[PDB]
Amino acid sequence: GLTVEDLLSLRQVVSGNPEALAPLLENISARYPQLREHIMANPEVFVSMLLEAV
């Protein structure tokens, strides 16, 4: 349930800049409390999300 702006960053970091994960993941999870519960129960959903819009 993310924004257009964040999903763009996340895909770009994951794909070509994984060295930049730490601060991005620090930032994103602090701004999306729900994500925690999402990843834990539905990791596959999160996966396919990232694999999309390419």
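Heads up: residue numbers just count along the shown sequence, starting at 1.
Looking at the C-alpha B-factors along this chain, the one for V14 belongs to the lowest third. Among all modelled residues in its chain, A41 ranks in the middle third by Cα B-factor.
Sorting the modelled residues of the chain by their CA temperature factor places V47 in the lowest third. When the modelled residues of the chain are ordered by their C-alpha B factor, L24 lands in the lowest third.
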